[PDB]
Structure formats: C-alpha cells, structure tokens
$ cat input-v7.cif   # mmCIF, C-alpha atoms and all ligand atoms
data_target
#
loop_
_atom_site.label_atom_id
_atom_site.label_comp_id
_atom_site.auth_asym_id
_atom_site.auth_seq_id
_atom_site.Cartn_x
_atom_site.Cartn_y
_atom_site.Cartn_z
CA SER A 27 -6.70 -22.05 -26.74
CA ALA A 28 -6.54 -18.52 -25.37
CA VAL A 29 -6.66 -19.73 -21.81
CA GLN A 30 -3.88 -22.27 -22.23
CA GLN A 31 -1.66 -19.60 -23.81
CA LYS A 32 -2.29 -17.26 -20.90
CA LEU A 33 -1.66 -20.01 -18.33
CA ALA A 34 1.58 -20.93 -20.05
CA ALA A 35 2.65 -17.29 -20.01
CA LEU A 36 1.73 -17.04 -16.35
CA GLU A 37 3.82 -20.11 -15.68
CA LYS A 38 6.78 -18.72 -17.60
CA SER A 39 6.55 -15.46 -15.72
CA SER A 40 6.49 -17.28 -12.36
CA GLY A 41 9.60 -19.41 -12.67
CA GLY A 42 7.83 -22.52 -11.44
CA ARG A 43 5.60 -25.36 -12.58
CA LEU A 44 1.85 -24.76 -12.67
CA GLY A 45 -0.88 -27.34 -12.87
CA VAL A 46 -4.51 -26.44 -13.40
CA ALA A 47 -7.68 -28.35 -13.89
CA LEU A 48 -11.10 -26.80 -14.28
CA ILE A 49 -14.32 -28.75 -14.54
CA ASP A 50 -17.31 -26.73 -15.66
CA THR A 51 -20.25 -28.81 -14.48
CA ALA A 52 -22.63 -27.00 -16.86
CA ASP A 53 -21.38 -29.01 -19.86
CA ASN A 54 -18.85 -31.21 -17.98
CA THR A 55 -16.15 -29.57 -20.06
CA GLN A 56 -12.58 -29.53 -18.75
CA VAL A 57 -9.64 -27.18 -19.05
CA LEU A 59 -6.28 -28.67 -18.20
CA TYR A 60 -2.77 -27.34 -17.91
CA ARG A 61 -0.19 -29.96 -16.96
CA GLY A 62 -3.31 -31.82 -15.98
CA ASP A 63 -1.69 -35.28 -15.86
CA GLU A 64 1.58 -34.29 -14.17
CA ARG A 65 2.12 -35.14 -10.55
CA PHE A 66 2.32 -32.41 -7.99
CA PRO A 67 2.85 -32.58 -4.23
CA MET A 68 -0.53 -32.25 -2.60
CA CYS A 69 0.63 -30.86 0.73
CA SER A 70 -2.41 -29.90 2.77
CA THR A 71 -4.86 -30.35 -0.09
CA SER A 72 -4.64 -34.02 0.96
CA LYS A 73 -6.61 -33.12 4.07
CA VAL A 74 -9.79 -33.08 2.05
CA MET A 75 -9.38 -36.79 1.30
CA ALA A 76 -8.77 -37.68 4.93
CA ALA A 77 -11.79 -35.75 6.13
CA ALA A 78 -13.95 -37.26 3.41
CA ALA A 79 -12.77 -40.74 4.33
CA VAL A 80 -13.89 -40.19 7.89
CA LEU A 81 -17.19 -38.82 6.65
CA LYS A 82 -17.62 -41.99 4.62
CA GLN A 83 -17.04 -44.07 7.73
CA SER A 84 -19.74 -42.09 9.55
CA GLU A 85 -22.35 -43.26 7.05
CA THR A 86 -22.32 -46.57 8.91
CA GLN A 87 -21.02 -45.44 12.31
CA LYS A 88 -23.64 -42.78 12.73
CA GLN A 89 -22.14 -41.26 15.88
CA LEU A 90 -18.52 -41.38 14.70
CA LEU A 91 -18.11 -37.66 14.28
CA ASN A 92 -18.98 -37.09 17.93
CA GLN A 93 -16.31 -39.46 19.13
CA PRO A 94 -13.81 -37.67 21.39
CA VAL A 95 -10.16 -37.99 20.59
CA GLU A 96 -7.52 -37.02 23.14
CA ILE A 97 -4.92 -34.43 22.10
CA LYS A 98 -1.68 -35.12 23.93
CA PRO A 99 1.50 -32.99 23.89
CA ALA A 100 3.28 -35.70 21.92
CA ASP A 101 0.63 -35.36 19.23
CA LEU A 102 1.56 -31.80 18.39
CA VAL A 103 3.62 -31.31 15.28
CA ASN A 104 4.74 -28.20 13.47
CA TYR A 105 1.48 -26.32 12.79
CA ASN A 106 -1.46 -26.96 15.12
CA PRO A 107 -3.44 -23.77 15.55
CA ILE A 108 -6.56 -25.52 16.78
CA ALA A 109 -5.20 -28.67 18.39
CA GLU A 110 -2.88 -26.50 20.51
CA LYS A 111 -6.02 -25.01 22.09
CA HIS A 112 -7.13 -28.46 23.24
CA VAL A 113 -3.93 -30.09 24.46
CA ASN A 114 -4.70 -32.43 27.38
CA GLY A 115 -8.32 -32.31 26.33
CA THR A 116 -10.39 -33.91 23.61
CA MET A 117 -11.70 -32.89 20.24
CA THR A 118 -14.38 -34.78 18.39
CA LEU A 119 -13.69 -36.20 14.97
CA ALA A 120 -15.97 -33.49 13.63
CA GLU A 121 -13.90 -30.81 15.33
CA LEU A 122 -10.68 -32.43 14.04
CA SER A 123 -12.06 -32.59 10.52
CA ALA A 124 -13.06 -28.95 10.66
CA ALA A 125 -9.69 -27.97 12.05
CA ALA A 126 -7.81 -29.89 9.40
CA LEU A 127 -9.87 -28.31 6.66
CA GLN A 128 -10.54 -24.76 7.81
CA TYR A 129 -7.26 -24.06 9.59
CA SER A 130 -5.03 -26.66 7.94
CA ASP A 131 -4.19 -28.08 11.35
CA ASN A 132 -1.52 -30.75 10.98
CA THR A 133 -2.19 -32.50 14.28
CA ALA A 134 -5.83 -32.82 13.26
CA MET A 135 -4.76 -34.39 9.98
CA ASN A 136 -2.61 -36.91 11.78
CA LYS A 137 -5.53 -37.88 14.02
CA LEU A 138 -7.70 -38.38 10.91
CA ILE A 139 -5.01 -40.53 9.34
CA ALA A 140 -4.80 -42.61 12.50
CA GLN A 141 -8.56 -43.08 12.54
CA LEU A 142 -8.29 -44.47 9.03
CA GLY A 143 -5.52 -46.89 9.92
CA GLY A 144 -2.62 -45.05 8.38
CA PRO A 145 -1.92 -43.30 5.11
CA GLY A 146 -2.90 -46.50 3.33
CA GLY A 147 -6.40 -46.05 4.69
CA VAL A 148 -6.69 -42.61 3.14
CA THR A 149 -5.37 -43.89 -0.15
CA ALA A 150 -7.82 -46.77 0.00
CA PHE A 151 -10.72 -44.36 0.19
CA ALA A 152 -9.45 -42.59 -2.93
CA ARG A 153 -9.33 -45.92 -4.75
CA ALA A 154 -12.80 -46.78 -3.52
CA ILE A 155 -14.29 -43.66 -5.10
CA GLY A 156 -12.43 -44.18 -8.37
CA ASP A 157 -9.31 -42.11 -7.92
CA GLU A 158 -6.42 -44.26 -9.10
CA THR A 159 -3.93 -41.38 -8.94
CA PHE A 160 -4.00 -40.01 -5.42
CA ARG A 161 -1.44 -41.46 -3.10
CA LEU A 162 -0.85 -40.57 0.52
CA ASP A 163 2.35 -42.10 1.80
CA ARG A 164 3.35 -40.13 4.88
CA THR A 165 1.91 -38.29 7.85
CA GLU A 166 2.34 -34.68 8.84
CA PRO A 167 4.66 -32.88 8.57
CA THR A 168 6.85 -34.96 6.29
CA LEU A 169 4.22 -35.28 3.57
CA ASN A 170 5.04 -31.66 2.65
CA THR A 171 8.64 -32.19 1.58
CA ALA A 172 7.57 -31.73 -2.05
CA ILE A 173 10.83 -33.04 -3.44
CA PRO A 174 10.98 -32.75 -7.24
CA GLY A 175 10.23 -36.05 -8.85
CA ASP A 176 9.24 -37.82 -5.67
CA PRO A 177 5.91 -39.55 -6.29
CA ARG A 178 5.04 -39.77 -2.60
CA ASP A 179 2.05 -37.73 -1.49
CA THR A 180 1.15 -36.55 -4.96
CA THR A 181 -1.75 -36.44 -7.30
CA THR A 182 -2.49 -34.85 -10.62
CA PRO A 183 -4.68 -31.83 -11.23
CA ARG A 184 -7.08 -33.81 -13.36
CA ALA A 185 -7.50 -36.52 -10.76
CA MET A 186 -8.01 -34.14 -7.89
CA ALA A 187 -10.55 -32.07 -9.80
CA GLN A 188 -12.57 -35.14 -10.61
CA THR A 189 -12.38 -36.39 -7.04
CA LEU A 190 -13.28 -33.03 -5.55
CA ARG A 191 -16.27 -32.87 -7.89
CA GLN A 192 -17.44 -36.31 -6.77
CA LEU A 193 -17.06 -35.51 -3.08
CA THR A 194 -18.79 -32.13 -3.11
CA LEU A 195 -21.17 -32.09 -6.06
CA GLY A 196 -21.54 -35.78 -6.74
CA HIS A 197 -22.60 -38.62 -4.56
CA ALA A 198 -19.39 -40.26 -3.37
CA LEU A 199 -20.65 -39.34 0.09
CA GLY A 200 -24.05 -39.58 1.67
CA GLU A 201 -26.25 -36.53 1.57
CA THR A 202 -25.59 -35.34 5.11
CA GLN A 203 -21.87 -36.03 4.74
CA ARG A 204 -21.57 -34.16 1.47
CA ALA A 205 -23.39 -31.21 2.93
CA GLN A 206 -21.05 -31.23 5.88
CA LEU A 207 -17.97 -31.31 3.68
CA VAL A 208 -19.31 -28.42 1.62
CA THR A 209 -20.04 -26.44 4.76
CA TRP A 210 -16.53 -27.07 6.01
CA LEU A 211 -14.89 -26.02 2.75
CA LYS A 212 -16.99 -22.86 2.47
CA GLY A 213 -15.74 -21.88 5.93
CA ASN A 214 -12.09 -22.23 5.08
CA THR A 215 -10.02 -19.48 6.64
CA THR A 216 -6.70 -19.87 4.78
CA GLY A 217 -7.78 -19.18 1.22
CA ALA A 218 -8.29 -15.47 0.88
CA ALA A 219 -5.12 -14.81 -1.14
CA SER A 220 -5.35 -17.88 -3.38
CA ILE A 221 -8.08 -18.89 -5.86
CA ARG A 222 -10.62 -16.63 -4.10
CA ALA A 223 -8.52 -13.55 -4.87
CA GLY A 224 -8.78 -14.09 -8.61
CA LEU A 225 -12.56 -14.44 -8.58
CA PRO A 226 -15.53 -12.06 -8.42
CA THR A 227 -16.31 -11.30 -4.78
CA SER A 228 -19.91 -12.33 -5.42
CA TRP A 229 -19.00 -15.94 -6.11
CA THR A 230 -19.15 -18.47 -3.29
CA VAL A 231 -16.03 -20.54 -2.90
CA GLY A 232 -15.17 -23.53 -0.81
CA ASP A 233 -11.49 -24.37 -0.93
CA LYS A 234 -8.54 -26.05 0.68
CA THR A 235 -5.07 -24.62 0.41
CA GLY A 236 -1.75 -26.37 0.64
CA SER A 237 1.78 -25.24 1.06
CA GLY A 238 5.05 -27.02 1.40
CA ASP A 240 8.70 -26.97 0.65
CA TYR A 241 9.96 -26.05 -2.85
CA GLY A 242 7.63 -23.05 -2.60
CA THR A 243 4.72 -25.37 -3.16
CA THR A 244 1.52 -23.36 -3.20
CA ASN A 245 -1.73 -25.17 -3.89
CA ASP A 246 -5.45 -24.59 -3.70
CA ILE A 247 -8.41 -26.71 -4.66
CA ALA A 248 -11.83 -25.21 -4.86
CA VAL A 249 -15.47 -25.65 -5.65
CA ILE A 250 -16.98 -22.47 -6.97
CA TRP A 251 -20.63 -21.47 -7.03
CA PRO A 252 -20.99 -18.46 -9.32
CA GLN A 253 -24.18 -16.48 -8.60
CA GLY A 254 -26.64 -17.73 -11.27
CA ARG A 255 -24.55 -20.42 -12.97
CA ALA A 256 -23.54 -24.06 -12.62
CA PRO A 257 -20.67 -24.66 -10.24
CA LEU A 258 -17.08 -25.11 -11.20
CA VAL A 259 -14.29 -27.18 -9.69
CA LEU A 260 -10.85 -25.63 -9.96
CA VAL A 261 -7.53 -27.16 -8.87
CA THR A 262 -4.36 -25.06 -8.99
CA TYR A 263 -1.03 -26.61 -8.03
CA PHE A 264 2.26 -24.73 -8.15
CA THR A 265 5.78 -25.76 -7.21
CA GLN A 266 9.21 -24.22 -7.72
CA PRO A 267 12.74 -25.42 -8.29
CA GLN A 268 14.37 -24.02 -5.12
CA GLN A 269 13.82 -25.92 -1.88
CA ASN A 270 13.53 -22.67 0.09
CA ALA A 271 11.39 -20.80 -2.43
CA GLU A 272 8.74 -18.49 -1.08
CA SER A 273 5.03 -19.19 -1.38
CA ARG A 274 3.36 -17.75 -4.46
CA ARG A 275 -0.36 -17.52 -3.72
CA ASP A 276 -0.57 -14.72 -6.31
CA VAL A 277 0.07 -17.28 -9.03
CA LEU A 278 -3.00 -19.23 -7.97
CA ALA A 279 -5.06 -16.03 -7.88
CA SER A 280 -3.81 -15.14 -11.36
CA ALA A 281 -4.61 -18.57 -12.73
CA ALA A 282 -8.13 -18.36 -11.32
CA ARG A 283 -8.54 -14.91 -12.85
CA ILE A 284 -7.46 -16.25 -16.24
CA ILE A 285 -9.91 -19.15 -15.99
CA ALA A 286 -12.72 -16.83 -14.91
CA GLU A 287 -12.05 -14.42 -17.80
CA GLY A 288 -12.57 -17.29 -20.24
CA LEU A 289 -16.23 -17.70 -19.24
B1 LIG B 1 -0.53 -27.66 4.69
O1 LIG B 1 0.06 -27.69 3.44
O2 LIG B 1 -1.15 -26.30 5.01
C1 LIG B 1 -0.33 -25.80 6.04
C2 LIG B 1 0.39 -26.90 6.63
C3 LIG B 1 1.90 -26.47 6.99
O3 LIG B 1 2.67 -27.59 7.33
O4 LIG B 1 0.39 -27.97 5.77
#
$ encode --input "input-v7.cif" --output "structure tokens" --more "lines below"
Ligand SMILES: *[B@@]1([O])O[C][C]([C][O])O1
Amino acid sequence: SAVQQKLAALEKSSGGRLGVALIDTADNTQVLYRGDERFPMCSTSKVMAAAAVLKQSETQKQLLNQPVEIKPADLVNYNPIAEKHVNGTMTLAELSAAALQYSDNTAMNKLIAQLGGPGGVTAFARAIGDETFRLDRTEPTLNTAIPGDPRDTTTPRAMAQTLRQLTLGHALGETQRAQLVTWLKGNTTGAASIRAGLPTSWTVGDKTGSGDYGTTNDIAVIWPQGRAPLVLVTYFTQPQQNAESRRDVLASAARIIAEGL
C-alpha cells in the first residue's frame, strides 16, 4: 500500500531498521511494517512492569500505597525522580508513575523486584496472551540493544496488541486501566516522538524508549478528537553501537500513518 511504500522510503532514508504497528480500533484493522521482527524494547518495557503491578493491586487493594525505600545503592544510570527520594520512600504508585512518565530506571528496577525478577514481568505478559515479549535483564543492561540478541525484545505487532489490551481492553481492572491511561497521558518524555507527527488536537498517551545502537522507540495510544482510538508502536534501531537517537524518524512514521486516515 501507499503507507508501506512511504514507511519503507522513510526507513531507507534513515539508515536504520524501522518497525511499526498500528491498530485502528474502529475496524480492528492493522498496518504493519516489520511487524513480526524483534526489536529491543528499552524503556517501552516499563509499561509491562507497571501494568503487572497494577494487576497485583486488583487483589492487594492497598499495594500501590506501599512504601518502598530508595537507597543510594539502588540508584543506577538515570533516576530523575528516585534521586529526589534517596534515603526516603516512594510508594509503588509513585514508582510506577516515575517509571512511566520520566522513564526512571531505579523505579523500573523496584517494579521488577516487586514482581520477583524479570521472569515475573514476562509471566504477566504470558498471562495476558503475549507470547512474544521477553524481559531478561534489569536496568540499565536491558538497553544494550545488541543486533540479533533476543533478550529484552518484542515485536511491533505483539506490543501493539498488548498495549491495546492494557489500555483499551480489559486485561486490567477498571480502576487499574484508568490509572495506566492517566499515567501514559502524563508522559513527559514524548514530545519529539510520535506526538510530534500528530495533530496537536489529538490526545496521546505514550512511553518512549532509548538505548544503545541508536535505539529510539515509542509506543502510544491515540485518541483523535471525534474518532475511535488508535494504538501505534514505532521501534527504530541502527547499525552503529554509538548511533545518535532519531526521534524524528518516529515522528515521521506517525505522520505517515496519520496521513493515511
Ligand atoms: B529508557 O529506554 O528510557 C530512558 C532510559 C535510559 O537508560 O531507559
């Protein structure tokens, strides 16, 4: 189709490898570009960890208010929010928000610990029907994004389906889903990524990711004003380990998708 030709051209112009999946919930139609190839998730994995904790809170009703101590040894490479609470506590809700809205890596590691390790996050994916997602490592090493390495990867198609289920479907309880949506809509790191390729009037909730090999990712739910929502996953990675981030590619891919509607 037109859109796949334009995405391929965008990819060729970028020098990297682009993966896109769009679900239009109006007719449950799908647009895929490298939709079944694996890509390093980097911080887009934080959505799954937060959702797993939300799922736990359906039974442990007070779980999100549980305080978790932030110690100096907990700090890793990128901890904008946790740093503000060293030698103090954050609740699991605050950690989930920090992981999602600021991409805080310490917060992510606390979420992983709450779930019993990366295998606990992966287990949640399996439990909601995602056979593709795999989380193998903690922060920061899950961002190594080595070409061909299956660790800490998913495919665009899988992640789009899973994001749809978590935010628009009923993989989570009603209060939990609403909370996740609220968190994603309040993301602070996304302005140059999918959001930048979309009409300013559309509401977006997204989670970015970035890693080595110039890996530049964003996953979003999109509420166009007067129109069924869309789920859009854009993954991008490059052949050079030290490549620079290319958020513009994700913006351009979103723009191309939006044109075709
Ligand atoms: B994710 O990908 O978003 C930022 C942090 C940097 O390590 O991880």
$ atom_distance --input "input-v7.cif" --atom1 "CA of residue 63 (chain A)" --atom2 "CA of residue 220 (chain A)"
21.7 Å
$ closest_residue --input "input-v7.cif" --among "A:123, A:39, A:280, A:268" --to "residue 210 (chain A)" --atoms "only C-alpha atoms"
A:123
$ axis_aligned_box --input "input-v7.cif" --around "ligand LIG 1 (chain B)" --padding-each-side "5 Å" --output "JSON"
{"center_x": 0.8, "center_y": -26.9, "center_z": 5.4, "size_x": 13.8, "size_y": 12.2, "size_z": 13.9}
$ closest_residue --input "input-v7.cif" --among "A:130, A:230, A:170, A:180" --to "residue 74 (chain A)" --atoms "only C-alpha atoms"
A:130
$ closest_residue --input "input-v7.cif" --among "A:89, A:237, A:114, A:83" --to "ligand LIG 1 (chain B)" --atoms "only C-alpha atoms and all ligand atoms"
A:237
$ residues_around --input "input-v7.cif" --residues "region 187-192 of chain A" --least-positions-apart "5" --cutoff "12 Å" --atoms "only C-alpha atoms" --output "VMD selection string"
chain A and resid 45 to 51 54 to 57 59 62 to 63 71 to 75 78 151 to 160 181 to 182 197 to 200 204 207 to 208 211 232 to 234 246 to 250 257 to 263
$ residues_near_ligand --input "input-v7.cif" --ligand "ligand LIG 1 (chain B)" --cutoff "8 Å" --atoms "all atoms listed in the file" --output "list in words"
residues 68, 69, 70, 71, 104, 105, 129, 130, 131, 132, 166, 167, 170, 235, 236, 237, 238 and 245 of chain A
$ atom_distance --input "input-v7.cif" --atom1 "CA of residue 102 (chain A)" --atom2 "CA of residue 134 (chain A)"
9.1 Å
$ closest_residue --input "input-v7.cif" --among "A:240, A:64, A:85, A:110" --to "residue 168 (chain A)" --atoms "all atoms listed in the file"
A:240
$ closest_residue --input "input-v7.cif" --among "A:60, A:286, A:79, A:244" --to "residue 27 (chain A)" --atoms "only C-alpha atoms"
A:60
$ residues_near_point --input "input-v7.cif" --point "(-15.1, -46.3, 7.5)" --cutoff "12 Å" --atoms "only C-alpha atoms" --output "PDB file with C-alpha atoms, in the frame of the given file"
ATOM      1  CA  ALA A  76      -8.770 -37.680   4.930  1.00  0.00           C
ATOM      2  CA  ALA A  77     -11.790 -35.750   6.130  1.00  0.00           C
ATOM      3  CA  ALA A  78     -13.950 -37.260   3.410  1.00  0.00           C
ATOM      4  CA  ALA A  79     -12.770 -40.740   4.330  1.00  0.00           C
ATOM      5  CA  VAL A  80     -13.890 -40.190   7.890  1.00  0.00           C
ATOM      6  CA  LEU A  81     -17.190 -38.820   6.650  1.00  0.00           C
ATOM      7  CA  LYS A  82     -17.620 -41.990   4.620  1.00  0.00           C
ATOM      8  CA  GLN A  83     -17.040 -44.070   7.730  1.00  0.00           C
ATOM      9  CA  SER A  84     -19.740 -42.090   9.550  1.00  0.00           C
ATOM     10  CA  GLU A  85     -22.350 -43.260   7.050  1.00  0.00           C
ATOM     11  CA  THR A  86     -22.320 -46.570   8.910  1.00  0.00           C
ATOM     12  CA  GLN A  87     -21.020 -45.440  12.310  1.00  0.00           C
ATOM     13  CA  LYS A  88     -23.640 -42.780  12.730  1.00  0.00           C
ATOM     14  CA  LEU A  90     -18.520 -41.380  14.700  1.00  0.00           C
ATOM     15  CA  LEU A  91     -18.110 -37.660  14.280  1.00  0.00           C
ATOM     16  CA  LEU A 138      -7.700 -38.380  10.910  1.00  0.00           C
ATOM     17  CA  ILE A 139      -5.010 -40.530   9.340  1.00  0.00           C
ATOM     18  CA  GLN A 141      -8.560 -43.080  12.540  1.00  0.00           C
ATOM     19  CA  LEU A 142      -8.290 -44.470   9.030  1.00  0.00           C
ATOM     20  CA  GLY A 143      -5.520 -46.890   9.920  1.00  0.00           C
ATOM     21  CA  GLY A 147      -6.400 -46.050   4.690  1.00  0.00           C
ATOM     22  CA  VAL A 148      -6.690 -42.610   3.140  1.00  0.00           C
ATOM     23  CA  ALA A 150      -7.820 -46.770   0.000  1.00  0.00           C
ATOM     24  CA  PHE A 151     -10.720 -44.360   0.190  1.00  0.00           C
ATOM     25  CA  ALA A 154     -12.800 -46.780  -3.520  1.00  0.00           C
ATOM     26  CA  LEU A 199     -20.650 -39.340   0.090  1.00  0.00           C
TER      27      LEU A 199
END
$ closest_residue --input "input-v7.cif" --among "A:214, A:253, A:194, A:116" --to "residue 137 (chain A)" --atoms "all atoms listed in the file"
A:116
$ atom_distance --input "input-v7.cif" --atom1 "CA of residue 109 (chain A)" --atom2 "CA of residue 136 (chain A)"
10.9 Å
